[PDB]
Each structure stands twice: as C-alpha cells, then as structure tokens.
C-alpha cells in the first residue's frame, strides 16, 4: 500500500485504493444491531476479494424516524444525536471488534462522518447545544438555502438542524471525535457527508488536525443548476464543480460527473466523467462508483432509496469501466455480496491489480468504433477495454501483443491485457 499525497497534496493515499462501500440503505432494518458482527465475520473475505479499504456506516447512534406516505426511514446514521457508538449497526464493543478484524486483514476502515447537522430534537442524547450561542445555523437570519452568518454552506432541508461547524466549539468537538475514531476505532480515513453543507476548507482543517496522512473523500452531489445564476458554477460542468471542491478540501471527491453521464448519456459519453480527464491532476482525485446507498436500490423495504439507479443492463459495463480506469473505484455492497456480480467484480479487481492501474494512469478513447473503446496505461500492463462495441481485435486500436482478460455478456464486456 503506497501511501502519499498527490502532487497537489490531495489525500488520495498512494492513488492505489480499491474501496468497498460496506453497507446498503436498509441494513438497520434487515440486520438490526447485527451489521458489525457480519463485517467481523466477513473481514477475511473482503480482504481476499481484493479491497484495500472499506467505507463504514456512520458510527454515531441514530434513533431517528420519519414517514412520508409509503416511505419510511431512520436510524441509518445521517441524523445522529450523539457520538455514542451503540446504535442500530451494533454496539461499541462489536464496532471495535469489527474494525480490528478488518484492520488485521489489511483493509483500512473509513468512517462516514456527518458534521452538517444532528438530531437536535432527540430528547435523550449526550450532546446538548443550546440556542442563542451561535452553535446553530438558525441562531442567525436564515433567508434561504444559501450560506448565512451561522453556517457557511447550504442547509439540510429546513436548516433547523444545521450546525455552525465554523463555531470554535463545534469545530473543536468534531475534531476531537475524529481523533477518537483514529485512536480507538482504527480509522484509516473518512468519507465526509453532505459536503455542500459547509466550507471545503473546513475539511482540510479537520484532516490536518486529526489524520493528515489518511484517505478522505467528499460526497458532493450538487449540479450546476443548483448554484445561483450569478455563480460561475451555474454554468460550469459537473467536472469543474467537483474538482473545485477537491482543490479546497484537499480530498478526493465522488465522481458525480461520471455518474451523470452514466444516467443521462450513452456509454460513449462515459469518457466525460472526472476520471477520464486528460490532466492527471484532474482524473486522480476522482472517486468512481456505480451506485451508492442513495442512488441505488437496496434489499428490503421500498427497494431502499434508488434516487438515480443504474439499470441492470449496464451494471457489468459500469463495473468493467470503473475497475479498469483511472481514479479510485468504489464497489457497492449489494452488487458484490447480494446480487451475484461478486465473481465478475473479483475478476476485474484482479485485472486492475495485475496491470498496475492507479488513480493517475493514462486513458485514451478510440473514436472509430461503437460503444466505449479505451486504452489504459497501467504501470505493469496496457489494457484495451471495449464496451458494447463493434471492435474486432485489440490490435485495431493499440500496439502490442494482447491476451483476453475478460469476456462477458456476449462480448459486450471485453478486456485485453498486453
């Protein structure tokens, strides 16, 4: 495990990570208080599958609850009330065992942290911040979903649960918890939640103070049309918007540019995600994914959230693309362990590693065929990737002696290594 910072000091940890999102939206409903026991038990498997890191659910207990017609949710971690680790995923004790088992097997533990808001209203909690002290966004005049004097970012829905993460005491509180996660819960890094909610610069601060040399990733889902008309971002590409967050937080960022192309364009247009960017300083900070707990389905109730789900006819192509290309790939728990894509994914992980493909590896796109046709310059081998293409042989697009590495879905997924 190579471990440095990128050339622009972004915390990509060697640019060689392969991450597993370790949960789906309905875990708290399907394996109540049993999730950490399940991970402990699966640690060796996760490690053998080839993952170098795992994105853990929020560790802070969440006993929230909501209902919206047929829709229902709560307890998943995004509306926590305390730093107490005895939540719906399992106890503190189990968490410790789980992180220890993962860590021992050589899988880094990345915690999902939610600094933007908390469950203000929860009656029995250990963290009680009174009103009128500047701790809350709503301590200030709250015009609309725009930064206010009590919160330098967007608000979460109503904004009544928004924290002034910039308040010296609120900042300090998060900072200590981050340090706590690293020293007693074996944190090798963090996934920063709802990043649009507070300044990017705060994320760099936090990382600097508690885990400067760790891995970090920001979850920024905000399209151009959500910025004010006068803002440059209102006219920028998805790529520019996320790259800008990354420059400021000094953390890799989820590639929502690739996700939007996967949902709205053709497979040939997948080349316009951050990860396909010709400048290595651009593509290396991209954290690729096919679906997450928000965008995809989940086993159980209501099929989870499925806000921007990738259709099944493209799941193999999508994994083939992310696992063989630049940026840092993320595998969704369900595709891997629930839905039967596990074998195919395992094969690609092996291909990626044998080729020595990394965050900054070069990628070239070949124009004369149908589908996506790309040449990837791994540090050990060159890969030719042809997805839903009329390409006949790797030699039509690259110099060298190629061997078939992968051939799935009636040749819709073809990968060759030199």
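Residue numbers count along the first chain shown, from 1.
- Relative to one another, 251-259 and 212-220 have unequal mean CA B-factors, and 212-220 is the one with the higher figure.
- The PDB entry records a higher mean C-alpha B factor for 221-229 than for its counterpart among 221-229 and 315-323.
- Per the PDB record, 138 has a higher Cα B-factor than any other of 138, 288, 246, 179.
- By the numbers in the PDB entry, the CA B factor is greatest at 367 among 375, 26, 361, 367.
- Sorting the modelled residues of the chain by their CA temperature factor places residue 206 in the middle third.
- In this PDB entry, residue 155 carries a Cα temperature factor that places it within the middle third of its chain's modelled residues.
- The PDB entry assigns residue 148 a C-alpha temperature factor belonging to the highest third of its chain's modelled residues.
- Remark: residue 398 belongs to the lowest third of its chain, ranked by C-alpha B-factor as recorded.
- In this PDB entry, residue 66 carries a Cα temperature factor that places it within the highest third of its chain's modelled residues.
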